Amino acid sequence: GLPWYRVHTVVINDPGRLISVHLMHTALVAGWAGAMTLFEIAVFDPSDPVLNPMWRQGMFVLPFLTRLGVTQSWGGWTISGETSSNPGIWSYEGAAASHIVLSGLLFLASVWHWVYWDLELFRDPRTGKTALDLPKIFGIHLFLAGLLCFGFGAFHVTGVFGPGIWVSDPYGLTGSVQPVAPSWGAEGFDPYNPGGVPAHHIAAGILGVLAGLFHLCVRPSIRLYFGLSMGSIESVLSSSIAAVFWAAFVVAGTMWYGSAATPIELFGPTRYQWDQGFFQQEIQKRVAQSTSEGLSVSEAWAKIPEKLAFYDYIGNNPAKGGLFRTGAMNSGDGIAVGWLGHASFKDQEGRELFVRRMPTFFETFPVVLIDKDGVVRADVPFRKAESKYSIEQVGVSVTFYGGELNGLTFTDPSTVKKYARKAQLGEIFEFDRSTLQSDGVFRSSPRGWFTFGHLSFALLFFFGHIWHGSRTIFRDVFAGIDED
Amino acid sequence: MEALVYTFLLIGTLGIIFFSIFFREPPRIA
Amino acid sequence: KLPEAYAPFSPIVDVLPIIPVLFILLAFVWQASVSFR
Amino acid sequence: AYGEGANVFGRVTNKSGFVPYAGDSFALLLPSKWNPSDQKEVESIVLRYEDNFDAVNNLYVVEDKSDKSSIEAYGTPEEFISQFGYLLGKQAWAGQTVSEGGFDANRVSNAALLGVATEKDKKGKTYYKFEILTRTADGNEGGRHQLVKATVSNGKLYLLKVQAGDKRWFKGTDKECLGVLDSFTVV
Amino acid sequence: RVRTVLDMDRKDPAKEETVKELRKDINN
Amino acid sequence: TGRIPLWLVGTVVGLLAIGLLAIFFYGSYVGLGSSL
Amino acid sequence: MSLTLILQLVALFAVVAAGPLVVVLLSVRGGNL
Amino acid sequence: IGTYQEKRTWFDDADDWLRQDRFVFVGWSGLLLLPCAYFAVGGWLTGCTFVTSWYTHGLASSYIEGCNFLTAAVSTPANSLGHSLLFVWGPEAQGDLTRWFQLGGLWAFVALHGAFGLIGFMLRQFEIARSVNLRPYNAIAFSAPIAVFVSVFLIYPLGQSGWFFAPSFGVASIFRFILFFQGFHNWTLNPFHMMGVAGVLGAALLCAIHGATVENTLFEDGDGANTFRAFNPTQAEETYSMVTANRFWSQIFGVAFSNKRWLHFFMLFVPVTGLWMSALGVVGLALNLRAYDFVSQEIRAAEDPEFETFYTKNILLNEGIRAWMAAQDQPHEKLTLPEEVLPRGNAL
Amino acid sequence: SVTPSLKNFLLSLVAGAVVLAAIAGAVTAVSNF
Amino acid sequence: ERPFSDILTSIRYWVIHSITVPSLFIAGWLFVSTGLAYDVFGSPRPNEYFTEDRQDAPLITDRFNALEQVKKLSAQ
Amino acid sequence: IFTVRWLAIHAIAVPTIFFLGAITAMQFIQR
Ligand code: CLA
Ligand code: CLA
Ligand SMILES: C=Cc1c(C)c2cc3nc(c4c5[nH]c(cc6nc(cc1[nH]2)C(C)=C6CC)c(C)c5C(=O)[C@@H]4C(=O)OC)[C@@H](CCC(=O)OC/C=C(\C)CCC[C@H](C)CCC[C@H](C)CCCC(C)C)[C@@H]3C
Ligand SMILES: CCCCCCCCCCCCCCCC(=O)OC[C@H](COP(=O)(O)OC[C@@H](O)CO)OC(=O)CCCCCCCCCCCCCCC
Ligand SMILES: CC1=C(/C=C/C(C)=C/C=C/C(C)=C/C=C/C=C(C)/C=C/C=C(C)/C=C/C2=C(C)CCCC2(C)C)C(C)(C)CCC1
Ligand SMILES: CC1=C(/C=C/C(C)=C/C=C/C(C)=C/C=C/C=C(C)/C=C/C=C(C)/C=C/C2=C(C)CCCC2(C)C)C(C)(C)CCC1
Ligand SMILES: CC1=C(/C=C/C(C)=C/C=C/C(C)=C/C=C/C=C(C)/C=C/C=C(C)/C=C/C2=C(C)CCCC2(C)C)C(C)(C)CCC1
């Protein structure tokens, strides 16, 4: 009479059916990978890599497929924006079909390993009872894991046999799948240095092999064997749950903060690029350099790439989103069509005014136009009676350099107020919202959703470590206690 | 149509409460 | 204020009102004196 | 200093509530609880302080060159205060309204001149003093009291303006505002 | 040639939290 | 160890604690933190 | 320091000690508590 | 151990000493709990007594500055330090203990020592339960406070721009944190704080109801009007009538417990689940995945200038909180907002 | 070494090792009495 | 372990502690009064919150060199 | 004596009395 929450304990003491259920979970995961890839390819728009990349459309597995080398498709389109001459069998559709067929094969193998559960391999040769030599199993599977880690690091990513991984410029303007040379110096521990990824996966992998050869040759000591409850599968479950939630915390942190393994051309910008003005400073530095060359403001701003300006927009901030604001970023805000340009606000005196940008914390932010010396010179007041820094009172005009509105100046207060309100969000873009019926509230980029999901899983699996490990240590008393 | 869904959910919860009160399994002594 | 005759006795009047809350504490002290018998 | 020691069983420094301040050519007393402010609504503002609690309570000193030889050259004090009509803000609203009580048609703000006068000084200097009450359609803080003290010396006009909410004015900000107005002394 | 002082004075009004302002702030 | 009965010790310690609390309230009404 | 404060402290100490003093006197005397 | 005990090792002597039943059980977990917890509490007391927040939040938050128990608080460091661990030897303080206090490093000190103290305390619960051979359900229950502490004081600040937005260790500082959450994240509308509120209120309800029901269904077992004396710790019979309680609550409320084990498991279960759901919600807020708005109602209000609900009024309240608290709550932003841009009602 | 922060980090490791060894030695000394 | 009642009612304990508890209390009073508390914990004195040029609250606004920034912002 | 309970009592007593003296002295500071 097992309660509904204990049913899957039936395979605790059955190695064969444990293999079967683990095969079934593996088959389900592979099937989900294939199906998700197929759905994403079906609903993906590859026409415009600029202003409409993958992270704008809510793609979740496309970033990873592109990160590890798969770029082309059988539909004739490349994620980089070129033409697919010969995508080969390793296109997105190829990966989806492969993971799907693997899921089916694992389903069949699960059926078999379930029917023929009573294999003599799982019998203890001496006693004849069913038993698993957990130290030796860990040694074998760790040796395999280390071998695979070294192989992936040395051949893949380095491009010796594999294709490499996604490497981009610091500002995410020109990124592509490239081979990576390992970084053997201290800079190999720079999180944003790509060269660490091969070298690590090499060196660590090597250690794994050696570690395997130890945990496969040397039997654990009796004191350690009974202390760590080696020989109980639930102890292994507790330790594995702990390790996996540790890894989940690490990956969530490394994606929220960004690293060489989570490029912004695949997951979108981080919130710390908006907070610290990572792109705004670069744009203004390029503009200033062009001006120092003698160019006018219009030419200097026309020289700015549209993708770089698009990164400098608060709508792409992963932290400007909602828990139930579902779907693609294009579903909340319209599909980007073009860059309006750069708005320069100037009072009737000629003093240049800058619009205070919305911080990541604020859902709504009042519009303030600030002097170069940090002195508020204009605003859109909430109380139009006896206002002091009104747009009409100060006489603010907005001139657009570059983009769609190039060399266009607006002086009517309504248009100036509208454009200042738009510019408080960063660079101003035109959005087509009729196509997807965008409501008008920002969604979160795929890196935000990934971080949220895997952080919640990390917490729940910390509770899993606690529970399954308590059950491990207190196995004798978890069938009941004999009073004191 | 959302109001219909909300009303159905509330009615379902109230019906579950009614069944758990008046159609409960008797508490078996010993 | 108090009539000018009673002006020097102002501190006593300023202290008086807290005695009622001292009585309950005295009851607790008395109970403790008998080991809370 | 690091070895200065504490003020155990000591004495306070000052409890008057006002602290002195020396300007370019003027002296003033500011409320202790009022903090210095950075914003300059008028480019000629040379000093500004604001209340810590309610930012409506503030004051600022404006020093700007004047062609008039003396403050009397502006004319009557009422004419002078009519000259500076922009200090009371600007009505950005421009819609036809008649559904606001106590206001003329198409108006949402109104300034009432409670009184004007002329003051003296230890050197015989003449100061124009003004008290205004500005009300708005929303009645923000039940109106705002404005105290203005203006003088002309050495070819420059000095104008101190103190603003206090009526809600704050009723419950004791009048003392601080009047102290600020009284302490304003120019060479 | 870029005027770093003007660059910082442009970033500060739009965003005071910019890494341009905070870097070598005590030097200013 | 029967000398100095425990109730007397408790009463004296409680009196000292109440006195300390009263001193803290007094300091709340004067000096630093008194809003004047 | 203030004379009023001195007298207040004296009166407070007297009234506070009044209760414990009578309790102690009755305990040492043997009165029925 | 199992086949034989082999020879006694120095680990055996250490275990025997640490596992003695003295007044304060130290155990192996004590070596991590006692120093860490002691330093955390002592650091909080020193900070609330002597350390100030004038350079971190521009606020006076110590006793020596004139603050009381309510307003004193070990404030979190400046936002410009980001998520720096603020080691006293680190590149920020560079060894200057006084300046390390001034920079706000005491907050990081207290937070990290408190986290390791909580780890040590759950380890202590496990060790003590194993010593007396009991199922360690109280450690499993204590996992919920650890989840809350981790999600609020560690995960949330790491999701934001720095430690500055963590809760400062204090009473009024915690109240500021709560109001900040209401204003910015609209935390009340989040279904996970809803589940946490339900869990905590239900746990309080269960505590009160179980206590009252037991105290009001007691068997006589004595002749004194003081029912507390009529109990022996070693007695086997139950001190209260389960049948009477079940009948009473069945006829009063409609349903009633009939199993003591299930009743006490439910008492354990409700608050833990509530706190865990609240922790998940706080993680979501750490990523700014806030349940801020119902887009349908916002769109309807935008199209219909006369549609109003309590939700829209709450949104207006949040807007007011944000606008009027931003200038002084986040000094690093340098928000010199003129009084005309702050949202405001009529005549207030 | 090269960086002052690295020297401070290494000294922090040394100090933590010192305090950890102090705790271990204290427990050993009290266990053997 | 002796019961707490025996120790707290023992005259020896009180004669031992009657010169140490006041000693600790007086040590704390001296620590506050002699200005040592401000000196070691860095909390500014009531006349040291604002300097000649800094008439507002300080702001750290720097990750590294924060030692120099807080040193120049603090009372000299 | 100097037992574990002695250390546990005196680790929370001596600092407590020192801080009580410090706070009492703070109560008599004039700004
Ligand atoms: C890979 C990790 C892992 C593994 C292999 C196990 C394995 C096991 N767990 Mg454990 N557990 C884990 C993680 C894991 N757990 C975590 C992270 C938590 C914290 C939430 C728990 C908390 C937990 C408790 C409280 C209990 C177990 C129990 C058990 C045993 C019986 C499970 C069962 O039959 O329930 C049956 C499951 C169902 C009937 C379906 C429930 C449906 C859930 C609520 C939602 C469906 C999830 C969805 C379909 C898949 C998405 C999950 C994925 C994205 C992670 C079993 C050996 C039980 C036990 O101790 O055995 C005596 C038990 O009491 N686990
Ligand atoms: C951790 C894994 C993960 C992550 C990070 C993502 C992330 C994403 N997915 Mg995805 N997905 C996943 C797993 C994941 N998915 C799985 C396992 C499936 C198979 C079912 C799918 C199937 C799927 C589809 C079909 C689509 C996406 C889409 C998206 C993107 C839209 C954002 C979003 O999710 O909306 C918001 C997410 C939520 C609101 C979920 C909130 C979680 C709550 C708290 C659960 C609580 C449930 C509650 C207890 C039960 C009561 C609810 C009841 C009334 C119904 C986004 C980047 C969309 C897209 O962009 O198209 C390309 C899209 O259409 N996903
Ligand atoms: C504010 C609420 C709150 C507080 C203060 C609290 C406090 C406590 N809970 C304990 C236990 C528990 N709490 C439990 C469930 C819960 N506890 C809850 C809520 C609380 N529990 C809730 C809601 C639940 C339901 C899930 C369980 C199941 C247990 C126990 O088994 C245990 C116990 O025995 O209780 C009797 C005690 C053991 C802690 C200890 O010594 O750690 C060791 C000391 C440490 C770690 C040092 C503290 C450092 C902390 C983490 C950071 C620094 C904090 C400052 C020093 C103080 C700042 C104060 C300001 C913020 C105001 C402690 C008294
Ligand atoms: C006169 C006033 C009438 C109104 C009272 C309404 C009574 C509500 C009873 C419903 C309980 C549902 C669970 C049935 C399951 C059930 O009750 O089984 C009866 C169960 C007793 O069963 P046992 O003691 O035999 O449990 C042991 C089992 O594991 C097998 O031995 O009681 C409880 O579990 C705790 C009582 C419920 C605690 C209160 C429930 C609170 C939920 C409130 C829902 C709010 C909805 C609002 C509307 C949208
Ligand atoms: C048999 C076989 C085959 C195959 C077939 C197929 C076609 C397969 C596929 C299959 C599939 C197609 C699979 C899929 C699956 C899916 C999954 C497994 C998923 C699920 C989901 C989930 C679990 C989720 C949950 C949730 C929600 C709903 C909400 C939020 C939260 C979460 C996310 C948690 C072949 C031919 C090879 C041959 C051989 C045999
Ligand atoms: C009118 C008048 C008078 C007065 C009279 C009277 C009536 C007095 C009273 C007196 C009293 C009547 C006193 C008492 C006091 C009390 C006390 C001083 C107590 C204390 C206590 C404590 C501090 C604590 C306790 C505790 C508890 C609570 C619990 C248990 C334990 C213990 C015991 C520890 C005279 C003469 C001046 C003259 C003039 C007029
Ligand atoms: C931070 C740091 C440290 C540590 C330190 C410590 C650990 C300290 C301790 C401290 C402490 C340990 C303190 C204590 C305090 C206490 C107090 C301050 C007291 C309180 C109490 C009260 C205030 C009372 C109240 C009341 C009355 C009056 C009446 C009746 C009722 C009652 C009893 C409640 C080290 C070395 C690592 C270095 C680095 C830095």
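Any read-out appearing in this document is the output of simple, stated calculations on the displayed coordinates, not a laboratory observation. No Cβ is skipped: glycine too gets one built from the backbone with ideal geometry, and neighbour counts run over all protein chains shown.
Of (1) away from ligand 3 (no atom under 16 Å from the Cβ); (2) aliphatic (A, V, I, L, M); (3) out of contact with any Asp or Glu (no Cβ under 7 Å at 6 or more places or on another chain), H:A230 satisfies all except one. Which? It fails just one condition, (3).
Counting only helices (runs of 4 or more DSSP H) wholly contained in the range H:107-218, the ones carrying 3 or more residues that are within 14 Å of chain A (Cβ to nearest Cβ) and away from ligand 3 (no atom under 13 Å from the Cβ) occupy H:156-159, H:191-216. When the range A:249-278 is filtered for residues that are of a type outside the set (S, T, N, Q) and within 12 Å of another protein chain (Cβ to nearest Cβ), the ones remaining, listed by number, are A:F249, A:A252, A:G253, A:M255, A:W256, A:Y257, A:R271, A:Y272, A:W274, A:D275, A:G277, A:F278. Only a single item in (1) buried (at least 20 other Cβ atoms within 10 Å of the Cβ); (2) in a loop (DSSP other than H, G, I, E, B) is not met by A:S434, and it is number (1). Of the candidates H:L86, H:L70, the single residue that is part of a loop (DSSP other than H, G, I, E, B) and either of a type in the set (K, R) or more than 12 Å from chain J (Cβ to nearest Cβ) (or both) is H:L70.
Scanning the range H:19-61 for residues that are within 13 Å of chain J (Cβ to nearest Cβ), assigned to a helix (DSSP H, G or I) and small (G, A, S), we see that the one that is farthest from ligand 7 (Cβ to nearest atom) is H:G47. Name the single residue that is farthest from the other protein chains (Cβ to nearest Cβ) among those in chain K being outside any helix (DSSP H, G or I) and under 27 Å from J:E1 (Cβ atoms). Among residues in chain K that are outside any helix (DSSP H, G or I) and under 27 Å from J:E1 (Cβ atoms), the one farthest from the other protein chains (Cβ to nearest Cβ) is K:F2. With respect to the stated conditions, H:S80 is buried (at least 21 other Cβ atoms within 10 Å of the Cβ), touching a residue at least 60 places away in the same chain (Cβ under 8 Å) and in a helix (DSSP H, G or I). The residues of the range A:432-484 that are within 16 Å of ligand 2 (Cβ to nearest atom), at the interface with another protein chain (Cβ under 7 Å from one of its Cβ atoms) and over 14 Å from A:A252 (Cα atoms), listed by number, are A:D439, A:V441, A:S444. In this structure, does J:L30 turn out to be within 14 Å of chain K (Cβ to nearest Cβ), within 30 Å of F:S34 (Cα to Cα) and either of a type in the set (F, W, Y) or within 22 Å of the chain's Cα centre (by Cα) (or both)? In short, yes.
The rows are residues; the columns are (1) more than 11 Å from chain J (Cβ to nearest Cβ); (2) part of a loop (DSSP other than H, G, I, E, B).
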site: D:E4; (1), (2): no, yes
site: D:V12; (1), (2): no, yes
site: D:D38; (1), (2): no, yes
site: D:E43; (1), (2): yes, yes
site: D:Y49; (1), (2): no, no
site: D:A55; (1), (2): yes, yes
site: D:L59; (1), (2): yes, no
site: D:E63; (1), (2): yes, no
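For first residues located in the range H:242-267 and in contact (Cβ under 8 Å) with a residue 40 or more places away in the chain, partners that are assigned to a helix (DSSP H, G or I) and more than 9 Å from ligand 4 (Cβ to nearest atom) and lie 6+ apart or on another chain with Cβ distances below 9 Å form the pairs H:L263/H:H210; H:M267/H:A203; H:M267/H:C207; H:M267/H:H210.
The residues on offer are A:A211, A:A199, A:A248, A:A242, and the sole one that is touching a residue at least 12 places away in the same chain (Cβ under 8 Å), within 16 Å of ligand 5 (Cβ to nearest atom), among the aliphatic types (A, V, I, L, M) and crowded, with 16+ Cβ neighbours inside 10 Å is A:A248. You will find that of J:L8, J:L67, J:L59, the residue that is touching a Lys or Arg at 6+ places or on another chain (Cβ under 7 Å), more than 19 Å from H:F50 (Cβ to Cβ) and at the interface with another protein chain (Cβ under 7 Å from one of its Cβ atoms) is J:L67 and no other. Please work out if D:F80 is in a loop (DSSP other than H, G, I, E, B) and among the aromatic types (F, W, Y). The answer is no for D:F80.
Scanning the range D:20-29 for residues that are surrounded by 13 or more Cβ atoms within 10 Å (Cβ to Cβ) and assigned to a strand (DSSP E or B) yields a total of 5.
Please work out if D:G165 is within 14 Å of chain H (Cβ to nearest Cβ), within 23 Å of D:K90 (Cβ to Cβ), free of Cβ contacts under 8 Å to residues at least 24 places away in the same chain and touching a helix residue (DSSP H, G or I) at 6+ places or on another chain (Cβ under 7 Å). No, not satisfied. May I ask you to verify whether A:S414 is assigned to a helix (DSSP H, G or I), surrounded by fewer than 16 Cβ atoms within 10 Å (Cβ to Cβ) and of a type in the set (G, A, S)? Spelling it out, A:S414 is indeed assigned to a helix (DSSP H, G or I), surrounded by fewer than 16 Cβ atoms within 10 Å (Cβ to Cβ) and of a type in the set (G, A, S).
Scanning the range A:71-82 for residues that are assigned to a loop (DSSP other than H, G, I, E, B), surrounded by fewer than 22 Cβ atoms within 10 Å (Cβ to Cβ) and free of Cβ contacts under 8 Å to residues at least 60 places away in the same chain yields A:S73, A:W74, A:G75, A:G76, A:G81, A:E82. Can you confirm whether the range A:9-24 contains a residue that is more than 13 Å from ligand 1 (Cβ to nearest atom), surrounded by 16 or more Cβ atoms within 10 Å (Cβ to Cβ) and either on the phi > 0 side of the Ramachandran plot or β-branched (V, I, T) (or both)? Within the range A:9-24 (the criterion being more than 13 Å from ligand 1 (Cβ to nearest atom), surrounded by 16 or more Cβ atoms within 10 Å (Cβ to Cβ) and either on the phi > 0 side of the Ramachandran plot or β-branched (V, I, T) (or both)), the answer is yes, since at least one residue qualifies. Sub-6 Å Cβ pairs linking a first residue in the range H:166-185 that is farther than 19 Å from A:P359 by Cα and away from ligand 4 (no atom under 16 Å from the Cβ) to a second residue that is among the aromatic types (F, W, Y) and assigned to a helix (DSSP H, G or I), at least 6 apart or interchain, are H:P167/H:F177; H:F169/H:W44, ordered by first then second residue. Identification of helices (runs of 4 or more DSSP H) wholly contained in the range H:256-348 with 3 or more residues that are surrounded by fewer than 20 Cβ atoms within 10 Å (Cβ to Cβ) and within 14 Å of chain D (Cβ to nearest Cβ) yields H:310-329.
Kindly check whether there is at least one residue in the range D:134-145 that is away from chain H (no Cβ under 14 Å), small (G, A, S) and touching a helix residue (DSSP H, G or I) at 6+ places or on another chain (Cβ under 7 Å). No, every residue in the range D:134-145 fails to be away from chain H (no Cβ under 14 Å), small (G, A, S) and touching a helix residue (DSSP H, G or I) at 6+ places or on another chain (Cβ under 7 Å). Condition check for D:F103 on (1) without any contact (Cβ under 8 Å) to a residue 40 or more places away in the chain; (2) more than 30 Å from A:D412 (Cβ to Cβ): one failure, at (2). Return the residues of the range H:300-348 that are over 22 Å from H:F181 (Cα atoms) and among the basic types (K, R); say none if nothing qualifies. Passing the criteria: only H:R300. One residue stands out in the range A:165-196 among those that are of a type in the set (S, T, N, Q) and part of a loop (DSSP other than H, G, I, E, B): the one that is nearest to A:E306 (Cα to Cα), namely A:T174. Cβ separations smaller than 9 Å between residues 6+ apart or across chains give the following pairs from the range H:109-127 residues that are acidic (D, E) to residues that are assigned to a helix (DSSP H, G or I) and more than 16 Å from ligand 6 (Cβ to nearest atom): H:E127/H:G27; H:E127/H:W28; H:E127/H:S29; H:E127/H:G30.
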